[PDB]
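Below, in C-alpha cells: the form deposited in one PDB entry, a single chain.
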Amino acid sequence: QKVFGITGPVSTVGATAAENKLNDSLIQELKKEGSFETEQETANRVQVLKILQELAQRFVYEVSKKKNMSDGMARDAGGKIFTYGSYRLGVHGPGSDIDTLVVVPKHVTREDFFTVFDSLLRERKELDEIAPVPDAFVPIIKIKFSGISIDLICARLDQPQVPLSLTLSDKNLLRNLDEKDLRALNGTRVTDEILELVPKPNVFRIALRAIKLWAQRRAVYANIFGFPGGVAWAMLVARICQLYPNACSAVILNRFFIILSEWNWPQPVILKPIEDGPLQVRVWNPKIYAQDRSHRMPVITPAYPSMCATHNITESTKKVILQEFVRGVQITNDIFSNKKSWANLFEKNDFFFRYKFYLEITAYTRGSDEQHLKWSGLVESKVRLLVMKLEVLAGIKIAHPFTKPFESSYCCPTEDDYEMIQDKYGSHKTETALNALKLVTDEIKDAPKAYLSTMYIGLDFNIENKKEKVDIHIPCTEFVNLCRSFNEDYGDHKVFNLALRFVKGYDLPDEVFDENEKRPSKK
C-alpha cells in the first residue's frame, strides 16, 4: 500500500482511449529525441556489468589472499557491485554513464581499490580508458569499457563477508561506517527505494524520461546551481505516480505540472514516512535544524537517513522552477485539447534573449588542466552564494543562473598576454582582440596555456527611484574575496584570477549562441 504514498491516491481511474492516444505520441516523441538506446546496447551494458561483478570478486579474492586468508575464506569474502542513478531506474539513454557501486568487506581498503582493482581493470582487453580520482571528494575511478561509460566508487562495510545475495535495505549496515562509506552507499539505497515506492514502474519510467529531457531543455536541471538534480526530479515524478496509480504517463505529466506548480512550498515532498534510527544522525527535520527550515522547495530522500536533495535552491531559482511548472501546465492542457504537441513542451529555453542585463563570471588560470578543474570547480560551486546575496537586494527582480559553464583555452604565451585576456574577454565590442592569441580547438603542438571558465547570471531590475539606484559591486568583491581564501595559492594573481563583468544582452559574447541564432541590438 506504500506504493500509493503517504496520502493514498487522488484517483484510481485508469487511462481512457483518448489519454492513451497521447501517451503513444509521448513515447514516439521521446523516440525521436533519442531517449532510448538500442536493445543491443542494453544487452552490452548487462554484459559489461556481469564482467565487473567477476572483477569485484577477483579484487576481493586477491586482497583477502594477501591478508593471509584461506581459499574458502577468500572466496567467502565475496564482493558485489550495485548500480544506481539513471541506469538502475531504467531511464538511461545513448551515451549515459552507468553509476556503479563496489561494496567490499572490512579488510579491503581504498588503497586496495586504487591499486589491485585498478590493475584488474587495465589487464582487460575491453578497457578503452581509465581515470582514477583518488583525491576525490567522492572517491571514484571513471572508465570507458567496451564503449560503455562506467563510474565506479567503492564502499567498505564493517563486516567480514560480502556474499553474492547481499542487499542494502538494512540500516544496521550503516552503523560504524565513516562519512565516505555512508555517502557511497546512500545513492543505491535511494534508487532501490524509489523503485519500490511507485505503483507502476513502466509508467514511472516514461514520465521520468520526459521530465529529464524537459528539465535539461528548460535549463532547470543542475544541482550545483540551485536547480533539482536527477535524483530530485526522480522523486518528484515518483510522488505524482503515487497519486494516480492507474494513469498512463501522459496524464502523470499533466498532473505533475499542476500539482507541483500549486504545491504549498516549502511543505516537503515525501515518498514514505520519514524514519529515524541509530545515533543523533543526519535526518532531515525542520523542527530541529535551522539549515532545514530554510529549504525552499524540499524534496526528501526516502532511504534512512532521509535528506533533502534540493538544498541548493534559492529565491531566484524557486521562481524559475515555478514559471516552468506553469508553462508546463498551459502547454500540456493545450496538448490534451489538441492545440499543441509534445515538441512544444520540449523547446529549448531562450536564456540569452530574455534579459536586458547579464552578469559574467570568469575563472582564470595560468597552469595545467589539473589546476583549472580545481580552481573553476570551486568558483562554480560558489555561484549560488552570489545569487543569494544578489537576489535579496532591493533593486533586483531576479538573479537567474544559467546551468552550463562556458570553457575555453589559449596558448598564452608570455605573462603580458595573460593580462590582455583579462582585459578583452567577455564583451563583443572588444572581443576579437584575443584573435592575436592561438585558441585551442582540435587539435597537437602545445605547452603554456591560460584557462577560462565562464558562468552566466541573468539579471532583472525593479523600477528604481532615479535617486536610489542599485549597486552590485559590493557583493561582487565580497564574492571574489570569498573565493580567494580556499587554499592560499588562489591569492597568486600571477596564475589565478576572477573577473566579474556586467554586460548588456547585445554586448554578449558569440560563444553563447547556437548555430541557429543571433541577437539584434538595442539603440
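Superpose the two forms; the largest set of C-alphas matching within 1.5 Å is the rigid core. So that there is no doubt, residue numbering starts at 1 and follows the sequence shown.
Of the other compared PDB entries of this protein that include residues on both sides, at least a third leave residue 426 without atoms.
Residue 142, modelled here, also has coordinates in every other compared entry of this protein that models residues flanking it, well short of the third needed to call it frequently missing. In this entry, residue 416 and residue 417 are joined directly, with no residue of the deposited sequence lacking coordinates between them.
When the two stretches 444-452 and 287-295 are set side by side, the higher mean Cα temperature factor goes to 444-452.
As the entry records it, the average C-alpha temperature factor is higher for 433-441, out of 386-394 and 433-441.
Per the PDB record, 369 has a higher Cα B-factor than any other of 262, 158, 112, 369. The residue among 29, 488, 39, 62 whose C-alpha carries the highest B-factor in the deposited model is 488. Per the PDB record, residue ranking by Cα B-factor puts residue 209 in the lowest third of the chain. When the CA B factors of the chain's modelled residues are split into thirds, the value for residue 118 lands in the lowest one. Placement of the Cα temperature factor of residue 355 within the chain: middle third of the modelled residues, per the deposited record.
Sort the modelled residues of the chain by CA B factor and residue 163 lands in the lowest third. The entry lists a Cα temperature factor for residue 226 that places it in the middle third of the chain's modelled residues.
One more form of this protein, solved in complex with a partner chain, exists but is not displayed; see below.
Heavy atoms within 4.5 Å of the partner chain in the entry with it bound belong, among the stretches 43-51, 475-483, 66-74, 23-31, to residues of 475-483. Although the partner is absent here, residue 499 lies within 4.5 Å of the partner chain in the entry with it bound, judged by heavy atoms. The partner chain in the entry with it bound comes within 4.5 Å of no heavy atom belonging to residue 489. At a distance threshold of 4.5 angstroms between non-hydrogen atoms, residue 349 is out of contact with the partner chain in the entry with it bound. Put simply, residue 371 is far from the partner chain in the entry with it bound: not one heavy atom of it is within 4.5 Å. For the options 250, 194, 220, 359, the one in contact with the partner chain in the entry with it bound, meaning a heavy atom within 4.5 Å, is 359. A heavy atom within 4.5 Å of the partner chain in the entry with it bound is found for one listed residue only; from 129, 126, 423, 407, this is 423. Among the residues 389, 438, 255, 212, the single one whose Cα moves by at least 2 Å between this form and the one not shown, once the core is superposed, is 438.
With the core held fixed, the Cα of residue 494 is displaced between this form and the one not shown by 2 Å or more.
Residue 337 is not among the residues whose C-alpha shifts by 2 Å or more between this form and the one not shown once the rigid core is aligned; its shift stays under 2 Å. With the core held fixed, the Cα of residue 192 is displaced between this form and the one not shown by less than 2 Å.
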